[PDB]
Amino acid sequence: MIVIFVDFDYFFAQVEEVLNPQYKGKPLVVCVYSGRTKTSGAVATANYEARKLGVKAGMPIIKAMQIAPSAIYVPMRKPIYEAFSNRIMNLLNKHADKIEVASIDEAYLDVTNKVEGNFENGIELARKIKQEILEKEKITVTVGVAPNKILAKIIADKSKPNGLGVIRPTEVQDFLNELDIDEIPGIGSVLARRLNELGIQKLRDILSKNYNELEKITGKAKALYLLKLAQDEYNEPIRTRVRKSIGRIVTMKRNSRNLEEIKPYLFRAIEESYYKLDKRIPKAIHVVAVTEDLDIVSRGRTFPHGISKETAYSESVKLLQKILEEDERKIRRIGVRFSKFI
């Protein structure tokens, strides 16, 4: 297998730079304004100039503004980013035997047959891909080329920004022998340190432990994954991804535990959700509340039949009542998630 992984650089901010090139080369922060105050919200992403000043995705807008007050702060325009994404994925698709769109800004291509199993031709294809995306959309991307998805991602991550990372079939074992634990996709900061605390600093160190031992430290899924990766026995296929849930969640103007105050927000979320569902009919509904202290509480139900929009309204209220019954905290955000489509 020859895999090409593509990950768009500083995606949302970069699109904003394409639409407003005056922003380029200066700190730019794309913000998710919740509307509760002039500046309440979180950072979706920042360009590299803003990152140099300490701005990070997920950080409160007010905190970004504290450390980089002269950056340009713009509101997230997600539909435009989706459009860019859709066009790019369409360009990628024509170069691939198979494509896996993993998120709004990354995809895996299986180009094995496209390049006659010739790994070097795979690299050339990767260069052509980067060139085309740059020419056609003025977007820089980072690419990784490797025998499997996971190494393709790791080497891309190591080559950002605007990179072209490569791991040849012959380099894989050396590469896996030297890889740091915190460089592994799917191993978050906390767990990394926990493993680190137990003397697991490098991927190869996993081989020292056995499954029952590691499960206690990582959980089943993460244990099986790590033991496989460490042995270069990861080889998962490129698969067409299918949307499994669709939802909407909004910040209320003020916190509340007043049913009549919350309902309008919840019903708008349902309405916008059903618009997005289009012809998909969900059998499961979950109501999700972000509480005063930014904890998240969910109550849901699966039905033996598809849920009409009208049944979603009435059942959502019963779920909201359940949350209010079982959690005394005030609610800040309220929303809904639909899944199990017919």
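A residue's number is simply how far along the shown sequence it sits, counting from 1.
**Student:** Test of understanding: from the entry's C-alpha B-factors, which stretch has the higher mean, 79-87 or 130-138?
**Tutor:** Taking the mean C-alpha B-factor of 79-87 and of 130-138, the larger value falls to 130-138.
**Student:** Identify the stretch, either 290-298 or 38-46, whose C-alpha atoms have the larger mean B-factor according to the entry.
**Tutor:** Higher of the two, by average CA B-factor, is 290-298.
**Student:** Looking at 100, 105, 116, 157, which one carries the largest C-alpha B-factor according to the PDB entry?
**Tutor:** Result of the comparison over 100, 105, 116, 157: 116.
**Student:** Quiz for you: based on the deposited Cα B-factor, which of 245, 251, 112, 162 is highest?
**Tutor:** It is 112.
**Student:** Can you tell me which third, lowest, middle or highest, the CA B-factor of residue 3 falls into for its chain?
**Tutor:** Its C-alpha B-factor, which the entry lists for residue 3, ranks in the middle third among residues of this chain.
**Student:** Grab the CA temperature factor for residue 229 from the record and place it in the lowest, middle or highest third of its chain.
**Tutor:** Answer is middle: the recorded C-alpha B-factor places it there.
**Student:** Relative to the other modelled residues in the chain, which third contains the C-alpha temperature factor of residue 94: lowest, middle or highest?
**Tutor:** For residue 94, the deposited C-alpha B-factor lands in the highest third.
**Student:** Looking at the temperature factor on the CA atom of residue 205, which third of the chain's modelled residues does it land in?
**Tutor:** For residue 205, the deposited C-alpha B-factor lands in the middle third.
**Student:** Going by what the PDB entry lists, where does residue 216 fall on CA B-factor within its chain: lowest, middle or highest third?
**Tutor:** Highest third of the chain for residue 216's C-alpha B-factor.
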